[PDB]
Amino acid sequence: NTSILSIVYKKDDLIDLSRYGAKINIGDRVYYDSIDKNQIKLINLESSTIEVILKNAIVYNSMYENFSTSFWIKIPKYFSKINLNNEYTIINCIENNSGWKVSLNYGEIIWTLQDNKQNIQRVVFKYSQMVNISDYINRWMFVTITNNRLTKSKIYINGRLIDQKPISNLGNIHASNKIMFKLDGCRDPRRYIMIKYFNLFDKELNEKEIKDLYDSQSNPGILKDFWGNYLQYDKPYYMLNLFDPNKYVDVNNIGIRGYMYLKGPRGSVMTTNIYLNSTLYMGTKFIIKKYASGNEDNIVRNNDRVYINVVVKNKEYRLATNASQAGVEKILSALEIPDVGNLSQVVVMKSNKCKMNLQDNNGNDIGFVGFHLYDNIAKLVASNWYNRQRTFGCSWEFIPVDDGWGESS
């Protein structure tokens, strides 16, 4: 552990777990998420600040010493022309025109190094808002920036190297003893970010260190929604099939003689010059219902035994099948909840992206929920074929409505 700053939530506050015990000053307008307290929200106000004061012994002052930062960030969709050409600082460690900072702009994360003769290098991660389905817009990203003073500054996103710039021509970098987390210079009063697990390291992290940090901070026994938030019970979700992302779930008819299937194409949402995406708030909603989960919270965990409700014309039905139908593929139906009887409905949730393993009432696997083409109709099925087998039809995302995406529901 070469971490010299590691910030985490404790008791309505933030603490440094490092042996260097940074002082952390939090403003009056900083917010912790209700479900995951480590998710910090900063808004576009002067009091929405976190100031981290490093011990003098670890302040960065060197031409030669290698160093890295890591953090998680969730950046809501840019929906206004005032967001074009508005670079704003979010993480400042600049003192007397030397140091480092993280800034944002439309579709960008920017790393800046500035030496004590005001030579700069910027490394920029650009993501497009003109894409069908974005890996990045309003989705948690794991950011890692590494700096080797002889070679390159590198940006990783979700543990993968995205780009790099040579930095060997920079001289002495003397950063601040203060790290200010604050939206600085943002003209849009509605901009916010969410951030967690800010770390500093006194080396250039290697690819394995970065992959292990990614995995270790990911809460791997908790299932995630599309946005990367914790998956929850009693929260309506629009479904995305990762094999066929340009389709959405629909119900042909309710009852044991009906079926669910993937219908295409998705519509689009756009604002000229700002974004052009596939519509996410489409199709049959799924609601994850408590079965074997405990009373302690609404978080869906790996191996939780659940029921799945499906919403059809503002009424809830139960996802179920008759496992005794001929063939490995068990066509799924939307049943009246009272009328399920002895039909298979228990689902084991698995966290890989989200999988749903349908069970019979004896505790035996019926198989992962996916789809099967019956001529041109992609019917939802449970099939032990999936279980026996990178991207299959049994891989799903759950998309709840979110403030940061802004499409009409």
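Residue numbers run from 1 along the displayed sequence.
The stretch of deposited sequence separating residue 351 from residue 352 contains 4 to 9 residues lacking coordinates in this entry. According to the entry, the deposited sequence has 4 to 9 residues without coordinates between residue 389 and residue 390. A summary of the deposited B-factors shows that, of 292-300 and 157-165, the stretch with the larger mean C-alpha value is 292-300. Higher average CA B factor: 255-263, of the stretches 108-116 and 255-263. Among 225, 204, 188, 207, the highest C-alpha B-factor in the deposited entry belongs to 207.
The residue among 277, 97, 147, 309 whose C-alpha atom has the highest B-factor in the PDB entry is 97. Ranked by C-alpha B-factor against the other modelled residues of its chain, residue 182 falls in the middle third. Placement of the Cα temperature factor of residue 338 within the chain: highest third of the modelled residues, per the deposited record. Residue 373 sits in the highest third of its chain by CA B factor, as recorded in the PDB entry.
Sort the modelled residues of the chain by CA B factor and residue 42 lands in the lowest third. Ranked by Cα temperature factor within the chain, residue 129 sits in the lowest third according to the deposited record.
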